[PDB]
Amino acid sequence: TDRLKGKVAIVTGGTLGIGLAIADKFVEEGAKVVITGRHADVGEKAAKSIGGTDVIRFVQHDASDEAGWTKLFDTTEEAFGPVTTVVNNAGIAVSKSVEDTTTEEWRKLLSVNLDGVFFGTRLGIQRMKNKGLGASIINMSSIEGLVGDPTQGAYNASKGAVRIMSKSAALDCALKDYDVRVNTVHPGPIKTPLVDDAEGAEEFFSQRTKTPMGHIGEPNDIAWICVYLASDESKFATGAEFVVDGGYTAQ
């Protein structure tokens, strides 16, 4: 039995890392999937590496581009039918303390990590409510929405915003019987291009004082909890935080 039977998903930033693995396991469990990203070559190769146009397709869309979001839903519904599932995964990092954060860096990171999740959640509610789809919006927070990090100040702001904004949306949808659920996923450190391109990041976060398991995670670790959250298995889960972090926040 396919765990995402009948589901049609948008996965922002689905061409690399966590987003790519969410896409991969979404198709594996029966979902039609549109992945987005900014770079077209990367995006088209990523999509075909999972399957053909009958199951998965790439759409060039910056998650911070408000107007492009309506085209994204229209295109996705054209190819596969009504969207049932939105994974707001696109996100960037900035290695600066609050003290050392430039306003340009601040605004740039928030435009993607916060405005883009807002745009996808607001539009996802409008387009998916009251259709009996078992709709599910999965917003990618982080353990950095739960704890602080002295060199990720703007990132911390954005992931904590996503954490609580998601509860507002969850509550509204539940109280209004919209048949739309909203939850946040909080990965610990995961081996991705994001982490690979940060020199010494994996060794640093593999320290026992950081990740008690003594190693960082893999993209599939996050894909599988997103499968649970996209599926009707989680029909009673809303407004909740799902932490897959090697024990990071437990100490």
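Don't overthink the numbering: it's just position in the shown sequence, from 1.
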- Looking only at C-alpha temperature factors in the entry, 45-53 or 219-227, the higher average sits in 45-53
- Query: Mean C-alpha B-factor higher for 236-244, or for 20-28?
  - Reply: 20-28
- Message: Comparing recorded Cα B-factors across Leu175, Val98, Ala79, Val87, which one is largest?
- Response: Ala79
- Looking only at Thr211, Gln60, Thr70, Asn183, the Cα with the top B-factor belongs to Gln60
- Of the three thirds of the chain ranked by Cα temperature factor, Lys131 occupies the highest
- Note on the structure: Sorting the chain's modelled residues by C-alpha B-factor and splitting them into thirds places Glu105 in the lowest
- Name the third of the chain's ranked CA B-factors that contains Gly200, choosing lowest, middle or highest. highest
- Note on the structure: On the chain's distribution of Cα B-factors, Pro193 falls within the third called highest
